[PDB]
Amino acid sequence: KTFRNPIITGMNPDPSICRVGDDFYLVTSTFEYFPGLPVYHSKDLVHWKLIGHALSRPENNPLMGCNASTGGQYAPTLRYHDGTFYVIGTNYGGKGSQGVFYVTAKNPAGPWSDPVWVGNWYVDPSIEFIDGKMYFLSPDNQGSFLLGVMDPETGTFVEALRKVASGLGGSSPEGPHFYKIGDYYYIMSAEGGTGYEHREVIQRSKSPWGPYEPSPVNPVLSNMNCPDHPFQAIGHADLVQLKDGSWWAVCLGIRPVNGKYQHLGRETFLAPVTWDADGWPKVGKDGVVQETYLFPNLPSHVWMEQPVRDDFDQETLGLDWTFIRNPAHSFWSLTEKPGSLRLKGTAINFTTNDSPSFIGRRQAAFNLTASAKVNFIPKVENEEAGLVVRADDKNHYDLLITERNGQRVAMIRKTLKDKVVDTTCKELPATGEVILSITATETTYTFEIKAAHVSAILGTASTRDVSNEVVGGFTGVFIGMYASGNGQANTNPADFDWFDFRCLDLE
């Protein structure tokens, strides 16, 4: 048996893992998206199932006012000690955020606690449980790493933060984790940046408090030295040890199109870690995270496939569905028209930093088909609803039903650099159901419509123009249902009977 990387696709950056007996749990960063910090579950490190989110409530994910793509939830760390799971991270820019927080749970599916604010703004806070102590390791935004000890109950520092080590020469020392393995305490961290020079490095000491000395086989993992490789910007790893004693790393990376641009976001990868004779870890001979590997020494456990169609025919919204900042439940219902997701477009659109009536999911494949049957009668030109390809608040493609010159129409509208650049309309019948459809390849999104007396490819757009390299920030594309009255509320609701999502990267 083998597996193909990546192990979790679509926007899933900054992976943090822990093993609790036969079960593995993993979290990734979410930024402005709610619920925050999804928790995935596996029994083989390869097949992952979404089971909850660490931040499923507005009191533990305050997001209002945060910037798209550079605000909200940054790298989380996930750990487990004495019947209790802990997730620590940083919230930047949300009204009511005090910076670094953690939340706890007995069940990793939830419910999680309200935040325990630790009282600083350090990025990439990490925790580890060693010798009956809860260590807190973070960078100091000045090239150095700070270690401290923390009371699990209160989040207060019992031993205060102090400098113990620093980065090893590379840009933006990030993502430090603390491990006690054999004779030594190890600080493993990321350097180089967000780009091609990203790498994981390690150092160790006889004592937690230093001094630390660098690995002679740095880096631990990087695709820096293979510019041909289909995976790039590999880094921000977290280690996990199995019951057979062997070691695996999860880390983030990108899958560029023609080696130039990435739009799906930073995804999660899996690589075997080997320790050399002197006690230093490395992935392979060269540190390169490969496309396929021999399977972990664990029994294969494939999860029941999620169906293509969400029929919106139960009271509980599927866990993959995602909102922008803190959603008011007043804009959506699965109750009010049973069998449909009812979306009520408000005055709010993307141009502010609160929560527009948007519900979407991560584009988890280059090649896909996404479609939705929607009932929407607009009464005036400002009113619209349909599907959106979102990169951020300034960059998104809108496949919407609206009213133009007393005709109900289907519209593809391309917004880039916060300006509308292209708009193409086709006339719909005055009433009746409309199937809106978005199909994707590595390079192109194609937008299609179907109704009574109306079926047509409406337009195309580039994946390149929504890519990280053009738009900046720390996110990747979401495809979602959308309604907005652009200054006014929509008169009528937009009712989505179903939503198909088909990933086709295997073929």
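From 1 onward, residues are counted along the sequence shown.
Taking only CA atoms, the mean B-factor in the PDB entry is higher for 157-165 than for the other of 211-219 and 157-165. Per-stretch averaging of Cα B factors for 117-125 and 337-345 places 117-125 on top. Taking the PDB entry at face value, the top CA B factor among 189, 395, 316, 363 belongs to 316.
Residues shown: 406, 281, 386, 265. Highest C-alpha temperature factor in the entry: 406.
Compared with the other modelled residues of the chain, the Cα B-factor recorded for residue 272 ranks in the lowest third. In the PDB entry, a CA B factor belonging to the highest third of its chain's modelled residues is recorded for residue 488. In this PDB entry, the Cα temperature factor of residue 442 sits in the middle third of its chain's modelled residues. Among all modelled residues in its chain, residue 240 ranks in the lowest third by Cα B-factor. Split the chain's modelled residues into thirds by C-alpha temperature factor. Residue 371 is in the lowest one.
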